[PDB]
Amino acid sequence: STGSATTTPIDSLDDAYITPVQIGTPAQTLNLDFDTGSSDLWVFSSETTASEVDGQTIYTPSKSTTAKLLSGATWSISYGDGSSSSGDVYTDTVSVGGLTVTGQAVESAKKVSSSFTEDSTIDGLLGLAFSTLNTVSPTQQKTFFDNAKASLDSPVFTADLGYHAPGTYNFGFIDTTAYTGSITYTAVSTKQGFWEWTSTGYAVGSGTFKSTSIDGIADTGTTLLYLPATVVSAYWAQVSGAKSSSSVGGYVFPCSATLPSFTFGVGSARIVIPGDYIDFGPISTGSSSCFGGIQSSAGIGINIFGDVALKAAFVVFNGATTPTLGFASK
């Protein structure tokens, strides 16, 4: 089998992407944030504290003839941005772009943090990291991809995120018309539960390529590109007036600047992030100070190839017995 679904930026900055997901019978369509950096499928629901729901579409398991309470199961998650959610668990039928899993754990939120409440466009998350990170207790549950894998034509999914435009998540096949040149595959460590890999280096603008190993995660659920302070300083040094602002919480630059591109290595291959992808707009409405899309990972504890990086590529998440990651230009 295969699946194919369009993913759409939630706003003009590509802060995140939403993908429609059908849950239950009859289908209840919710717009979920597909997150290769976590492993829980959780949704706003009829059980969510009413004061914490503000415009989201909710899953109502009592209206689904295929919903079954997973007795005794609870979940609770905290994300790298400080947001969190928790609740109980149902199993139900879940379909993404034509691909159907029966008995998928659907984690129903009883509580969500303010960040989620405040974002009306995201109805929940669909985790696509390794199932070892799933937070369901006392019986850990599998991700949608893990449940679908054996049925897929090929045990892969791909992320083709757009810049200021819709893109696509495919399951079970590689669309050879969606990228240019070849896909370069690179090794993955699953030891931390993430799609963790090692980039071979970087360049800033038309500068020379620096060969250096950069361990990090391919994370569709993180907006920006978080890299070591040395790399980030080298980038922003090429932008007149750019500076790290402790008050704002990262590098800012004059909105009047033209940003240089940023290249990262995948083996001997190179992915180029155009400068415009690195502009995240005014720090506050009407400001002439703009927020940078490349930021330091110092104090995160891990480098994160988030959307800024991934959207410059066609990305293969290969869930073969030994997982790998593939990157192509597009």
# chains A, B, ... in the order shown; residues from 1 in each chain; ligands from 1
>>> select_by_dssp(residues="stretch 128-313 of chain A", states="helix (DSSP H, G or I)", output="NGL selection string")
:A and (131-133 or 144-151 or 229-236 or 275-278 or 307-310)
>>> residues_around(residues="stretch 66-70 of chain A", least_positions_apart="6", cutoff="12 Å", atoms="only C-alpha atoms", output="JSON list (two decimals) with C-alpha atoms, in the first residue's frame")
[["chain", "number", "residue", "atom", "x", "y", "z"],
["A", 23, "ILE", "CA", -9.60, 9.45, 12.45],
["A", 24, "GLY", "CA", -12.47, 7.13, 13.31],
["A", 25, "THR", "CA", -15.67, 5.97, 11.66],
["A", 26, "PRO", "CA", -17.22, 7.99, 10.17],
["A", 27, "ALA", "CA", -14.03, 9.89, 9.50],
["A", 28, "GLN", "CA", -13.17, 12.91, 11.64],
["A", 59, "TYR", "CA", -11.73, 14.31, 17.95],
["A", 60, "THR", "CA", -14.83, 12.93, 19.69],
["A", 87, "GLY", "CA", -4.36, 12.60, 28.50],
["A", 88, "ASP", "CA", -5.74, 9.11, 27.91],
["A", 89, "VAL", "CA", -5.70, 6.79, 24.91],
["A", 90, "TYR", "CA", -8.06, 5.24, 22.38],
["A", 91, "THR", "CA", -7.36, 2.89, 19.52],
["A", 92, "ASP", "CA", -9.11, 3.78, 16.28],
["A", 93, "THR", "CA", -8.76, 3.75, 12.51],
["A", 94, "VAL", "CA", -6.39, 6.37, 11.16],
["A", 101, "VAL", "CA", -4.02, 1.78, 9.89],
["A", 102, "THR", "CA", -6.51, 0.00, 12.11],
["A", 103, "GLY", "CA", -5.91, -0.10, 15.87],
["A", 104, "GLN", "CA", -3.71, 3.01, 15.91],
["A", 105, "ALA", "CA", -3.20, 4.58, 19.34],
["A", 106, "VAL", "CA", -4.89, 7.97, 19.28],
["A", 107, "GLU", "CA", -3.84, 9.90, 22.35],
["A", 108, "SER", "CA", -6.67, 12.12, 23.51],
["A", 136, "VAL", "CA", 2.08, 5.91, 26.54],
["A", 137, "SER", "CA", 2.12, 4.16, 29.89],
["A", 138, "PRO", "CA", 2.06, 1.42, 31.06],
["A", 139, "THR", "CA", 2.14, -0.08, 27.55],
["A", 140, "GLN", "CA", 4.17, 1.87, 25.00],
["A", 141, "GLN", "CA", 2.41, 2.31, 21.66]]
>>> residues_around(residues="residue A:303", least_positions_apart="6", cutoff="12 Å", atoms="only C-alpha atoms", output="VMD selection string")
chain A and resid 37 80 194 to 199 213 to 219 222 224 to 229 231 to 232 294 to 297 309
>>> write_last_selection(atoms="N, CA, C and O atoms", output="compact mmCIF listing (two decimals), in the first residue's frame")
# COMPACT_ATOMS: atom_id res chain seq x y z
N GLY A 37 10.43 14.37 15.04
CA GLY A 37 11.15 14.46 16.29
C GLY A 37 10.39 13.98 17.53
O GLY A 37 10.88 14.16 18.65
N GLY A 80 10.74 20.16 23.19
CA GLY A 80 11.93 20.98 23.34
C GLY A 80 11.67 22.47 23.43
O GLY A 80 12.52 23.22 23.91
N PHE A 194 15.65 9.21 17.67
CA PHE A 194 15.47 10.23 16.63
C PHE A 194 16.06 9.75 15.31
O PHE A 194 16.83 8.79 15.26
N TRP A 195 15.73 10.47 14.24
CA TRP A 195 16.38 10.29 12.96
C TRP A 195 17.67 11.11 13.04
O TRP A 195 17.78 12.22 12.51
N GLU A 196 18.65 10.53 13.73
CA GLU A 196 19.91 11.20 14.01
C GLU A 196 20.98 10.82 13.00
O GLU A 196 21.19 9.65 12.70
N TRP A 197 21.67 11.82 12.46
CA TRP A 197 22.62 11.60 11.38
C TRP A 197 23.77 12.58 11.52
O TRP A 197 23.75 13.42 12.41
N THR A 198 24.77 12.47 10.66
CA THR A 198 25.93 13.35 10.73
C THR A 198 26.16 14.04 9.39
O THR A 198 26.52 13.41 8.40
N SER A 199 25.94 15.35 9.38
CA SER A 199 26.26 16.15 8.21
C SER A 199 27.77 16.26 8.08
O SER A 199 28.51 16.25 9.07
N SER A 213 32.18 17.30 10.91
CA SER A 213 31.04 16.45 11.26
C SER A 213 30.10 17.18 12.19
O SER A 213 30.51 17.68 13.23
N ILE A 214 28.82 17.20 11.81
CA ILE A 214 27.79 17.85 12.61
C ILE A 214 26.68 16.83 12.86
O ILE A 214 25.86 16.55 11.97
N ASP A 215 26.64 16.29 14.07
CA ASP A 215 25.60 15.34 14.44
C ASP A 215 24.30 16.08 14.73
O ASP A 215 24.29 17.05 15.46
N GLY A 216 23.19 15.61 14.19
CA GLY A 216 21.93 16.28 14.46
C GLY A 216 20.75 15.43 14.07
O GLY A 216 20.92 14.35 13.52
N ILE A 217 19.54 15.94 14.31
CA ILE A 217 18.32 15.19 14.01
C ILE A 217 17.54 15.85 12.88
O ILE A 217 17.50 17.06 12.77
N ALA A 218 16.95 15.03 12.04
CA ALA A 218 16.03 15.51 11.01
C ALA A 218 14.67 15.63 11.66
O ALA A 218 14.06 14.62 11.99
N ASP A 219 14.20 16.85 11.87
CA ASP A 219 13.02 17.10 12.70
C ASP A 219 12.00 18.03 12.02
O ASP A 219 12.13 19.26 12.06
N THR A 222 10.28 20.91 14.15
CA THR A 222 10.99 22.09 14.62
C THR A 222 11.08 23.05 13.44
O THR A 222 11.45 22.65 12.34
N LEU A 224 13.08 25.86 12.90
CA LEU A 224 14.35 26.46 12.50
C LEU A 224 15.50 25.45 12.41
O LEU A 224 15.33 24.26 12.69
N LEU A 225 16.66 25.95 12.03
CA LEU A 225 17.86 25.15 11.91
C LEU A 225 18.77 25.54 13.07
O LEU A 225 19.17 26.70 13.17
N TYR A 226 19.02 24.59 13.97
CA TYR A 226 19.81 24.82 15.17
C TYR A 226 21.14 24.08 15.07
O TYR A 226 21.16 22.85 14.96
N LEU A 227 22.23 24.84 15.07
CA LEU A 227 23.56 24.30 14.79
C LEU A 227 24.56 24.83 15.82
O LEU A 227 24.23 25.74 16.58
N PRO A 228 25.78 24.28 15.85
CA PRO A 228 26.75 24.73 16.86
C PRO A 228 27.04 26.22 16.75
O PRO A 228 26.97 26.80 15.66
N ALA A 229 27.34 26.84 17.88
CA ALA A 229 27.54 28.29 17.96
C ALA A 229 28.61 28.78 16.99
O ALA A 229 28.49 29.87 16.43
N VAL A 231 29.35 27.57 13.95
CA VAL A 231 28.74 27.58 12.62
C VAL A 231 27.77 28.76 12.47
O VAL A 231 27.77 29.47 11.47
N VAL A 232 26.94 28.96 13.48
CA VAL A 232 25.94 30.01 13.46
C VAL A 232 26.59 31.40 13.45
O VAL A 232 26.14 32.31 12.74
N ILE A 294 18.46 30.51 11.31
CA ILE A 294 19.56 29.68 11.77
C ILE A 294 19.92 30.20 13.16
O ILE A 294 20.22 31.39 13.32
N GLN A 295 19.90 29.32 14.15
CA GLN A 295 20.11 29.71 15.53
C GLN A 295 21.04 28.70 16.20
O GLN A 295 21.24 27.60 15.70
N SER A 296 21.64 29.10 17.31
CA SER A 296 22.53 28.22 18.04
C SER A 296 21.80 27.11 18.77
O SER A 296 20.77 27.35 19.40
N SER A 297 22.36 25.91 18.69
CA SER A 297 21.89 24.78 19.47
C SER A 297 22.51 24.70 20.86
O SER A 297 22.21 23.78 21.61
N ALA A 309 16.00 23.75 7.10
CA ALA A 309 16.88 22.87 6.35
C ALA A 309 16.11 21.86 5.49
O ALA A 309 16.40 21.71 4.31
>>> residues_around(residues="stretch 120-124 of chain A", least_positions_apart="5", cutoff="9 Å", atoms="only C-alpha atoms", output="PDB file with C-alpha atoms, in the first residue's frame")
ATOM      1  CA  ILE A  10       0.116  27.231   8.985  1.00  0.00           C
ATOM      2  CA  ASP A  11       1.136  30.822   8.329  1.00  0.00           C
ATOM      3  CA  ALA A  16       4.843  24.683  10.988  1.00  0.00           C
ATOM      4  CA  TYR A  17       2.991  22.484   8.546  1.00  0.00           C
ATOM      5  CA  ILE A  18      -0.361  20.757   8.877  1.00  0.00           C
ATOM      6  CA  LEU A  30      -8.041  16.772  11.938  1.00  0.00           C
ATOM      7  CA  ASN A  31      -5.059  18.815  10.789  1.00  0.00           C
ATOM      8  CA  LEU A  32      -1.972  17.387  12.439  1.00  0.00           C
ATOM      9  CA  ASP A  33       1.639  18.508  12.698  1.00  0.00           C
ATOM     10  CA  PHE A  34       3.711  15.629  11.396  1.00  0.00           C
ATOM     11  CA  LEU A  41      -0.103  10.778  17.802  1.00  0.00           C
ATOM     12  CA  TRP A  42      -2.178  13.072  19.999  1.00  0.00           C
ATOM     13  CA  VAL A  43      -5.223  15.203  19.314  1.00  0.00           C
ATOM     14  CA  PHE A  44      -7.413  17.910  20.753  1.00  0.00           C
ATOM     15  CA  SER A  45     -10.571  16.091  21.758  1.00  0.00           C
ATOM     16  CA  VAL A  53      -9.538  24.697  23.367  1.00  0.00           C
ATOM     17  CA  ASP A  54      -9.569  27.822  21.135  1.00  0.00           C
ATOM     18  CA  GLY A  55     -10.609  27.124  17.551  1.00  0.00           C
ATOM     19  CA  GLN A  56      -9.115  23.670  17.057  1.00  0.00           C
ATOM     20  CA  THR A  57     -11.046  20.807  15.535  1.00  0.00           C
ATOM     21  CA  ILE A  58     -11.564  18.067  18.114  1.00  0.00           C
ATOM     22  CA  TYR A  59     -11.732  14.307  17.954  1.00  0.00           C
ATOM     23  CA  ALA A 109      -5.612  15.346  25.231  1.00  0.00           C
TER      24      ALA A 109
END
>>> select_by_dssp(residues="stretch 144-238 of chain A", states="strand (DSSP E)", output="PyMOL selection string")
chain A and resi 156-160+167-171+184-187+196-204+210-218+225-227
>>> write_last_selection(atoms="C-alpha atoms", output="short mmCIF file (atom, residue, chain, number, x, y, z; two decimals), in the first residue's frame")
data_model
loop_
_atom_site.label_atom_id
_atom_site.label_comp_id
_atom_site.auth_asym_id
_atom_site.auth_seq_id
_atom_site.Cartn_x
_atom_site.Cartn_y
_atom_site.Cartn_z
CA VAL A 156 9.79 4.47 3.83
CA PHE A 157 8.14 7.82 4.08
CA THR A 158 9.25 11.06 2.47
CA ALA A 159 9.01 14.72 3.46
CA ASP A 160 8.83 17.33 0.71
CA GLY A 167 4.30 20.19 -0.03
CA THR A 168 3.82 16.48 0.39
CA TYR A 169 4.26 13.56 2.77
CA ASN A 170 4.37 10.21 0.97
CA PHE A 171 4.26 6.77 2.60
CA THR A 184 22.27 10.65 -1.20
CA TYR A 185 21.74 8.29 1.70
CA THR A 186 23.47 8.66 5.06
CA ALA A 187 23.64 6.59 8.24
CA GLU A 196 19.91 11.20 14.01
CA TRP A 197 22.62 11.60 11.38
CA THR A 198 25.93 13.35 10.73
CA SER A 199 26.26 16.15 8.21
CA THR A 200 29.65 16.40 6.56
CA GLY A 201 29.94 20.19 6.82
CA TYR A 202 28.72 23.57 5.68
CA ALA A 203 29.27 26.68 3.58
CA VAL A 204 28.02 30.25 3.97
CA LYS A 210 34.10 23.55 5.65
CA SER A 211 34.44 19.82 6.13
CA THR A 212 33.34 19.02 9.66
CA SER A 213 31.04 16.45 11.26
CA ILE A 214 27.79 17.85 12.61
CA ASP A 215 25.60 15.34 14.44
CA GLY A 216 21.93 16.28 14.46
CA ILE A 217 18.32 15.19 14.01
CA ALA A 218 16.03 15.51 11.01
CA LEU A 225 17.86 25.15 11.91
CA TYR A 226 19.81 24.82 15.17
CA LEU A 227 23.56 24.30 14.79
#
>>> closest_atom_pairs(of="stretch 123-176 of chain A", to="stretch 253-277 of chain A", cutoff="12 Å", atoms="only C-alpha atoms", output="Markdown table")
| residue | atom | partner | partner_atom | distance |
| --- | --- | --- | --- | --- |
| A:161 | CA | A:277 | CA | 11.9 |
| A:162 | CA | A:277 | CA | 10.3 |
| A:163 | CA | A:277 | CA | 7.0 |
| A:164 | CA | A:277 | CA | 8.9 |
| A:165 | CA | A:277 | CA | 11.9 |
>>> write_last_selection(atoms="N, CA and C atoms", output="PDB file, in the first residue's frame")
ATOM      1  N   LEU A 161       8.732  19.360   2.016  1.00  0.00           N
ATOM      2  CA  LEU A 161       8.111  20.558   2.558  1.00  0.00           C
ATOM      3  C   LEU A 161       8.350  21.721   1.621  1.00  0.00           C
ATOM      4  N   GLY A 162       7.331  22.561   1.466  1.00  0.00           N
ATOM      5  CA  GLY A 162       7.459  23.717   0.607  1.00  0.00           C
ATOM      6  C   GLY A 162       7.938  24.973   1.310  1.00  0.00           C
ATOM      7  N   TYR A 163       8.581  25.850   0.550  1.00  0.00           N
ATOM      8  CA  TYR A 163       8.868  27.201   1.015  1.00  0.00           C
ATOM      9  C   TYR A 163       7.710  28.107   0.637  1.00  0.00           C
ATOM     10  N   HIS A 164       7.018  28.608   1.653  1.00  0.00           N
ATOM     11  CA  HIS A 164       5.859  29.479   1.455  1.00  0.00           C
ATOM     12  C   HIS A 164       4.862  28.828   0.496  1.00  0.00           C
ATOM     13  N   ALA A 165       4.686  27.514   0.601  1.00  0.00           N
ATOM     14  CA  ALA A 165       3.869  26.777  -0.351  1.00  0.00           C
ATOM     15  C   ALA A 165       3.589  25.394   0.205  1.00  0.00           C
TER      16      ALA A 165
END
>>> closest_residue(among="A:113, A:190, A:285, A:4", to="residue A:132", atoms="only C-alpha atoms")
A:190
>>> residues_around(residues="residue A:143", least_positions_apart="3", cutoff="6 Å", atoms="only C-alpha atoms", output="list in words")
residues 39, 131 and 146 of chain A
>>> write_last_selection(atoms="N, CA, C and O atoms", output="PDB file, in the first residue's frame")
ATOM      1  N   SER A  39       7.047  10.884  18.888  1.00  0.00           N
ATOM      2  CA  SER A  39       6.509   9.562  18.558  1.00  0.00           C
ATOM      3  C   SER A  39       5.139   9.297  19.141  1.00  0.00           C
ATOM      4  O   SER A  39       4.754   8.145  19.306  1.00  0.00           O
ATOM      5  N   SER A 131       9.429   4.488  17.717  1.00  0.00           N
ATOM      6  CA  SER A 131       8.412   4.195  18.714  1.00  0.00           C
ATOM      7  C   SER A 131       8.950   4.078  20.144  1.00  0.00           C
ATOM      8  O   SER A 131       8.189   4.184  21.094  1.00  0.00           O
ATOM      9  N   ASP A 146       5.192   3.017  12.073  1.00  0.00           N
ATOM     10  CA  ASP A 146       5.568   1.694  12.548  1.00  0.00           C
ATOM     11  C   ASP A 146       4.434   0.702  12.287  1.00  0.00           C
ATOM     12  O   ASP A 146       4.670  -0.416  11.826  1.00  0.00           O
TER      13      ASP A 146
END
>>> atom_distance(atom1="atom CA of residue A:176", atom2="atom CA of residue A:1")
17.3 Å
>>> atom_distance(atom1="atom CA of residue A:299", atom2="atom CA of residue A:230")
13.6 Å
>>> atom_distance(atom1="atom CA of residue A:95", atom2="atom CA of residue A:3")
8.5 Å
